[PDB]
Number of protein chains: 2
Amino acid sequence: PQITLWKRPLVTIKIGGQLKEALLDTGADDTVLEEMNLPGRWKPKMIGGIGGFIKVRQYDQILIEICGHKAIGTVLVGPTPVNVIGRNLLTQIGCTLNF
Amino acid sequence: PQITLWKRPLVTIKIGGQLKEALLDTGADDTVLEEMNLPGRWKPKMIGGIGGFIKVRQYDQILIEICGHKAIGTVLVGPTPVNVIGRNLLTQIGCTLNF
Ligand SMILES: CC(C)CN(C[C@@H](O)[C@H](Cc1ccccc1)NC(=O)O[C@H]1CO[C@H]2OCC[C@H]21)S(=O)(=O)c1ccc2ncsc2c1
């Protein structure tokens, strides 16, 4: 689809078999989701945003469907203010900016 | 133009007589620019993201040219690590997400 930006670009995602809402975020290198339970192993990591750094659990090679498009990649889980879909998965679903 | 997301979507902007690099950021409600000494009145604001909040100065009706496309709107100035072009201006240059 073509998504205009007068509203937040929020979409439904499926991860771990659960549905969630997430923000298509071209300013995010990585995908960061709010606290949740995810199966499989993970490694602790740090990520920095506009306000500083937070601790996150890094899950590798996670299946995640974004607005009907499938991706498999790294997902960070931690105290983010909003579920954000970052460029590591936006590229997988073929997302571009156009003007 | 069409901008793929393999790398950060950095573009050249012109604001306050200065050229700068900034992110086309669909995850940003507002536009947030690195510290710069703009003239005119402003009002304080707090914006939150990953890591917490930062204090910024809100300037209204600021002229900003984004990759050759003129716009005018609210610009927030503060200790952000990156120049961020938010949705308030992306809509003005006709920017969409497409996949
Ligand atoms: C978190 C989202 C919802 C909101 N942000 C926008 C998002 O694109 C930020 C932009 C950014 C900030 C600092 C350095 C690089 C890029 N990216 C981000 O945090 O990415 C994380 C995850 O991947 C990593 O790569 C990049 C950094 C890591 S924001 O900056 O906090 C914001 C902007 C306007 C605004 N107006 C009212 S609130 C408000 C809040």
# chains A, B, ... in the order shown; residues from 1 in each chain; ligands from 1
>>> select_by_dssp(residues="chain B", states="strand (DSSP E)", output="PyMOL selection string")
chain B and resi 2-3+10-15+18-24+31-33+43-49+52-66+69-77+84-85+96-98
>>> residues_around(residues="residue A:48", least_positions_apart="3", cutoff="8 Å", atoms="only C-alpha atoms", output="ChimeraX atom specification")
/A:51-54 /B:50-51
>>> write_last_selection(atoms="N, CA and C atoms", output="mmCIF file, in the first residue's frame")
data_model
loop_
_atom_site.group_PDB
_atom_site.id
_atom_site.type_symbol
_atom_site.label_atom_id
_atom_site.label_comp_id
_atom_site.auth_asym_id
_atom_site.auth_seq_id
_atom_site.Cartn_x
_atom_site.Cartn_y
_atom_site.Cartn_z
ATOM 1 N N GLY A 51 16.411 10.002 24.009
ATOM 2 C CA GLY A 51 16.504 10.354 25.421
ATOM 3 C C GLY A 51 17.574 9.625 26.202
ATOM 4 N N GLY A 52 18.262 8.694 25.562
ATOM 5 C CA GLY A 52 19.300 7.935 26.222
ATOM 6 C C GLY A 52 19.240 6.479 25.815
ATOM 7 N N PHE A 53 19.794 5.622 26.673
ATOM 8 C CA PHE A 53 19.960 4.208 26.378
ATOM 9 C C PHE A 53 19.106 3.353 27.301
ATOM 10 N N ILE A 54 18.644 2.219 26.768
ATOM 11 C CA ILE A 54 17.835 1.273 27.524
ATOM 12 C C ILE A 54 18.391 -0.135 27.348
ATOM 13 N N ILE B 50 12.783 6.554 22.998
ATOM 14 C CA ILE B 50 13.608 5.530 23.621
ATOM 15 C C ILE B 50 14.656 6.210 24.490
ATOM 16 N N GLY B 51 14.725 5.801 25.759
ATOM 17 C CA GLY B 51 15.662 6.355 26.707
ATOM 18 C C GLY B 51 15.091 7.440 27.595
#
>>> closest_residue(among="B:65, B:35, B:29, B:60", to="residue B:15", atoms="only C-alpha atoms")
B:65
>>> closest_atom_pairs(of="chain B", to="ligand 1", cutoff="7 Å", atoms="only C-alpha atoms and all ligand atoms", output="CSV")
residue,atom,partner,partner_atom_place_in_ligand_line,distance
B:25,CA,ligand 1,8 (O),5.4
B:26,CA,ligand 1,8 (O),6.8
B:27,CA,ligand 1,8 (O),4.5
B:28,CA,ligand 1,34 (C),3.7
B:29,CA,ligand 1,36 (N),4.2
B:30,CA,ligand 1,36 (N),3.9
B:31,CA,ligand 1,34 (C),5.8
B:32,CA,ligand 1,34 (C),6.0
B:47,CA,ligand 1,38 (S),4.6
B:48,CA,ligand 1,38 (S),5.2
B:49,CA,ligand 1,31 (O),3.3
B:50,CA,ligand 1,19 (O),5.3
B:80,CA,ligand 1,13 (C),6.6
B:81,CA,ligand 1,14 (C),5.6
B:82,CA,ligand 1,14 (C),5.5
B:84,CA,ligand 1,10 (C),6.5
B:86,CA,ligand 1,34 (C),6.1
>>> write_last_selection(atoms="N, CA, C and O atoms", output="compact mmCIF listing (two decimals), in the first residue's frame")
# COMPACT_ATOMS: atom_id res chain seq x y z
N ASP B 25 11.88 10.86 8.87
CA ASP B 25 11.53 9.95 9.96
C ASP B 25 10.02 9.83 10.12
O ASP B 25 9.38 10.68 10.77
N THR B 26 9.45 8.76 9.57
CA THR B 26 8.02 8.50 9.70
C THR B 26 7.60 8.18 11.12
O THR B 26 6.40 8.23 11.43
N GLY B 27 8.55 7.86 12.00
CA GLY B 27 8.25 7.61 13.39
C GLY B 27 8.26 8.83 14.28
O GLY B 27 8.04 8.71 15.49
N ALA B 28 8.52 10.00 13.72
CA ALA B 28 8.60 11.25 14.46
C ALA B 28 7.36 12.09 14.19
O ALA B 28 7.12 12.47 13.04
N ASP B 29 6.57 12.37 15.24
CA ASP B 29 5.43 13.27 15.08
C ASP B 29 5.90 14.66 14.67
O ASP B 29 5.34 15.29 13.77
N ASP B 30 6.93 15.15 15.35
CA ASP B 30 7.43 16.51 15.20
C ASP B 30 8.84 16.48 14.65
O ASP B 30 9.50 15.43 14.61
N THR B 31 9.30 17.64 14.23
CA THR B 31 10.64 17.84 13.69
C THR B 31 11.56 18.32 14.81
O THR B 31 11.23 19.28 15.51
N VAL B 32 12.70 17.65 14.97
CA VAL B 32 13.61 17.92 16.08
C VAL B 32 15.01 18.08 15.50
O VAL B 32 15.53 17.14 14.88
N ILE B 47 9.86 16.20 24.73
CA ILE B 47 9.49 15.11 23.83
C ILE B 47 10.19 13.84 24.28
O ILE B 47 11.37 13.86 24.66
N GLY B 48 9.45 12.74 24.27
CA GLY B 48 9.92 11.48 24.79
C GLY B 48 10.14 10.46 23.69
O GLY B 48 9.44 10.46 22.68
N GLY B 49 11.12 9.61 23.89
CA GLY B 49 11.35 8.49 23.01
C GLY B 49 12.09 7.40 23.76
O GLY B 49 12.04 7.31 24.99
N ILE B 50 12.78 6.55 23.00
CA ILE B 50 13.61 5.53 23.62
C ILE B 50 14.66 6.21 24.49
O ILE B 50 15.38 7.10 24.03
N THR B 80 19.31 16.87 20.63
CA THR B 80 19.08 15.59 19.96
C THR B 80 20.37 15.13 19.28
O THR B 80 21.14 15.96 18.78
N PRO B 81 20.64 13.82 19.27
CA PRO B 81 21.84 13.33 18.58
C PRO B 81 21.73 13.33 17.06
O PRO B 81 22.74 13.11 16.38
N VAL B 82 20.54 13.57 16.52
CA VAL B 82 20.31 13.50 15.08
C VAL B 82 19.24 14.51 14.71
O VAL B 82 18.29 14.73 15.47
N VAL B 84 15.99 15.30 12.85
CA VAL B 84 14.85 14.43 12.53
C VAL B 84 13.77 15.27 11.87
O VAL B 84 13.24 16.20 12.47
N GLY B 86 10.12 15.26 10.92
CA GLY B 86 8.95 14.54 11.36
C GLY B 86 7.77 14.70 10.41
O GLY B 86 7.84 15.36 9.38
>>> residues_around(residues="stretch 16-23 of chain A", least_positions_apart="3", cutoff="8 Å", atoms="only C-alpha atoms", output="list in words")
residues 8, 9, 10, 11, 12, 13, 38, 39, 63, 64, 82, 83, 84 and 85 of chain A; 27 of chain B
>>> atom_distance(atom1="atom CA of residue B:93", atom2="atom CA of residue B:73")
11.7 Å
>>> atom_distance(atom1="atom CA of residue B:57", atom2="atom CA of residue B:43")
5.7 Å
>>> atom_distance(atom1="atom CA of residue A:76", atom2="atom CA of residue A:45")
8.4 Å
